[PDB]
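> Chains as they are written, first to last, in the entry's author numbering: chain I, 403 to 408; chain A, 1 to 54, 56 to 330.
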Amino acid sequence: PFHXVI
Amino acid sequence: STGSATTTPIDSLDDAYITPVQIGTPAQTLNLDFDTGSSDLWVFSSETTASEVXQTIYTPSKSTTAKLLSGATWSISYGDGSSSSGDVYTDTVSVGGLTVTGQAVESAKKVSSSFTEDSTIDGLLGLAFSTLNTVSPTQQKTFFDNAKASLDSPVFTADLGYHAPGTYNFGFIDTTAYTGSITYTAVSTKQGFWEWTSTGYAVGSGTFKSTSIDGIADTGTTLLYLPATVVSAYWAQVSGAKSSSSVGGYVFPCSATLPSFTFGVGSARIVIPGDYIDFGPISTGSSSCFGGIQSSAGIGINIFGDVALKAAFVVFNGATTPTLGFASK
């Protein structure tokens, strides 16, 4: 799975 | 002006969605991940270290409109651990027929391993607020912020498909793409995101609980991340479901017929069908499937990712005081 900004 | 582009799942699980983007003169077509959770447009390039390229690349020296932004650099990292960095060109960028000139195109000198490994994604196009952009010394504006002066309405809409193609529109609302009416709710930009407060939730055919849920609308996140108490209430209605430490979330038997999940937008309700919450087998042929609703405790913010957003038609209203709209479809 993806998880886009810090 | 307006634009309209088709967005397609990269794989059989709807892990992410790619949308074509034309960069430079003559146009170089790259497939980018449109991300309402970040604010940088970056690409694989002729500058990228050769061993880290497996993707279609942008070559600035083959584009007659490319300009080096002297002295500018960028460096970004994401919640899934990926990262990239490089230098900056301005160039012409078009999406679905909508053209922006002078867009910052961040050219990767280096990319992290997950990007090398994903043959289908040639870079990112960020759609959060420009205060999150990573260019230094002066931050750069998003494609949406640069487009607003020319758009018919300062809006874009996301219509993501369940194992099916879908659409990103810029500048207009397609009244044939949804049912009932759109309900709008207030946005806070204090953290740079499309951040809003849901009015509560229901599981399946049970009662709606009024409880405020502060979260972000994020097209670049696969799953729906919600408070631990809410996620527990959902999986309590799935007789084979359990949290798995080793797999990294709730898992359940692929044979289950899952309950729907409903979230509040003011007085209105969005219903996620149970089938959307089946993310798919943990490996091909497995009897166990990964849940599409997972706890947000490890991320620290609630995230309305693709599992939620693909059940709705979603309006990102970029007026000076922004708002977020949802309709059923």
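Using N, Cα and C, we set each Cβ at its ideal position, and we do this for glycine too.
(1) Do A:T222 and I:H405 have their CB atoms nearer than 8 Å?
(2) Can you tell me whether A:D307 is buried or exposed, with buried defined as 16 or more other CB within 10 angstroms of its CB?
(3) Assuming A:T91 contacts A:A105 under a Cβ cut-off of 8 Å, what Cβ separation, rounded to an integer in Å, is found between them?
(4) At 8 Å on the CB atoms, spell out the chain I contacts of A:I77, in chain order.
(5) Could you please give the first and the last residue of the uninterrupted beta strand (DSSP E) stretch that includes A:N31?
(6) Determine which residues share a DSSP beta bridge with A:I18 and list them.
(7) Run through chain I and tell me which residues come within less than 9 Å of A:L133, C-beta to C-beta.
(8) Identify whether A:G275 lies in helix, strand or coil by the three-state DSSP scheme.
(9) In terms of alpha-carbon separation, which member of A:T322, A:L13, A:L32, A:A5 lies closest to residue 331 of chain A?
(10) So what's A:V308 in DSSP terms, helix, strand or just coil?
(11) For a minimum of 4 consecutive residues, which ranges assigned as the alpha helix (DSSP H) are wholly contained in the stretch 167-242 of chain A?
(12) Hey, does A:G37 have any beta-carbon neighbour from chain I nearer than 8 Å?
(13) Buried or exposed: A:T65, going by 16 or more other Cβ atoms within 10 Å of its Cβ?
(14) If you reduce the DSSP assignment to three classes, tell me which class A:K63 lands in.
(15) Quick one: list the residues of chain I neighbouring A:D15, beta-carbon separation under 8 Å, in chain order.
(16) Is it a yes or a no for the stretch 275-289 of chain A touching the stretch 186-204 of chain A, going by three-plus beta-carbon pairs under 8 Å?
(17) Can you look up A:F314 in the DSSP assignment and give me helix, strand or coil?
(18) Report buried or exposed for A:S85, applying the criterion of at least 16 other Cβ atoms within 10 angstroms of its Cβ.
(19) Smallest Cα separation from A:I300: which of A:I217, A:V272, A:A67, A:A328?
(20) Quick one: does A:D276 have its CB under 8 Å from some CB of chain I?
(21) Mind pulling the beta strand (DSSP E) runs of 3 or more residues that sit fully within the stretch 108-162 of chain A?
(22) Report all residues from its chain with a CB closer than 6 Å to the CB of A:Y79; omit the five preceding and five following residues, and keep chain order.
(23) Is the CB-CB distance between A:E107 and A:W42 below 8 Å?
(24) Secondary structure at A:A73, three-state DSSP: helix, strand or coil?
(25) In terms of alpha-carbon separation, which member of A:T8, A:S288, A:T176, A:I294 lies closest to A:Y202?
Here's the rundown:
(1) Along the second sequence, one-based indexing puts residue 222 of chain A at 221. Along the first sequence, one-based indexing puts residue 405 of chain I at 3. Yes, Cβ-Cβ distance for A:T222 and I:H405 is below 8 Å.
(2) Numbered from its first residue, the second sequence carries residue 307 of chain A at position 306. Buried.
(3) The count along the second sequence starts at 1 and reaches residue 91 of chain A at position 90. The count along the second sequence starts at 1 and reaches residue 105 of chain A at position 104. About 6 Å separates the beta carbons of A:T91 and A:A105, which is inside the 8 Å limit, making them a contact pair.
(4) Counted from its first residue, the second sequence places residue 77 of chain A at position 76. Residues of chain I passing the Cβ test: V407.
(5) The count along the second sequence starts at 1 and reaches residue 31 of chain A at position 31. Looking at the DSSP string, the run of the beta strand (DSSP E) that includes A:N31 is 28-35.
(6) As a first step, residue 18 of chain A must be located in the second sequence, where it is residue number 18. According to DSSP, A:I18 bridges with A:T8.
(7) Here residue 133 of chain A refers to the residue found at position 132 when the second sequence is read from its first residue. By Cβ distance, chain I contributes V407.
(8) Residue numbering aside, residue 275 of chain A sits at position 274 when the second sequence is read from its first letter. Of the three classes helix, strand and coil, the one that applies to A:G275 here is helix, per DSSP.
(9) Because chain A is modelled from 1 through 330, residue 331 of chain A falls outside the range shown and cannot be assessed.
(10) As a working mapping, residue 308 of chain A is identified with position 307 in the second sequence. Helix, per DSSP.
(11) 229-236
(12) What you label residue 37 of chain A is simply residue 37 of the second sequence in a count that begins at 1. It does: the Cβ of A:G37 has a partner Cβ on chain I nearer than 8 Å.
(13) Position 64 of the second sequence holds residue 65 of chain A. A:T65 counts as exposed, since fewer than 16 other C-beta atoms from the protein chains shown sit within 10 angstroms of its C-beta.
(14) Along the second sequence, read from residue 1 onward, the residue named residue 63 of chain A stands at position 62. Of the three classes helix, strand and coil, the one that applies to A:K63 here is helix, per DSSP.
(15) Counting from one through the second sequence, the residue named residue 15 of chain A turns up at place 15. The contacting residues are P403, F404.
(16) no
(17) Residue mapping note: residue 314 of chain A aligns to position 313 of the second sequence, counting from 1. Here A:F314 sits in strand by DSSP.
(18) Counting from one through the second sequence, the residue named residue 85 of chain A turns up at place 84. Buried: at least 16 other Cβ atoms inside 10 Å.
(19) Here the question's residue 300 of chain A lines up with position 299 in the second sequence. Of A:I217, A:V272, A:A67, A:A328, the residue nearest in Cα terms is A:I217.
(20) Residue mapping note: residue 276 of chain A aligns to position 275 of the second sequence, counting from 1. Cβ-Cβ to chain I under 8 Å: no for A:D276.
(21) Annotation note: the stretch 108-162 of chain A contains the following uninterrupted beta strand (DSSP E) runs of length 3 or greater, listed N- to C-terminal: 124-127, 156-160.
(22) On the second sequence, position 78 is the one that residue 79 of chain A refers to. Correct list: empty, nothing qualifies.
(23) The residue you call residue 107 of chain A lines up with position 106 of the second sequence. The residue you call residue 42 of chain A lines up with position 42 of the second sequence. Result yes, Cβ atoms of A:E107 and A:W42 sit closer than 8 Å.
(24) As a position in the second sequence, residue 73 of chain A is number 72, starting the count at 1. Three-state DSSP puts A:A73 in a strand.
(25) If you number the second sequence from 1, residue 202 of chain A lands on position 201. Nearest C-alpha to A:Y202: A:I294.
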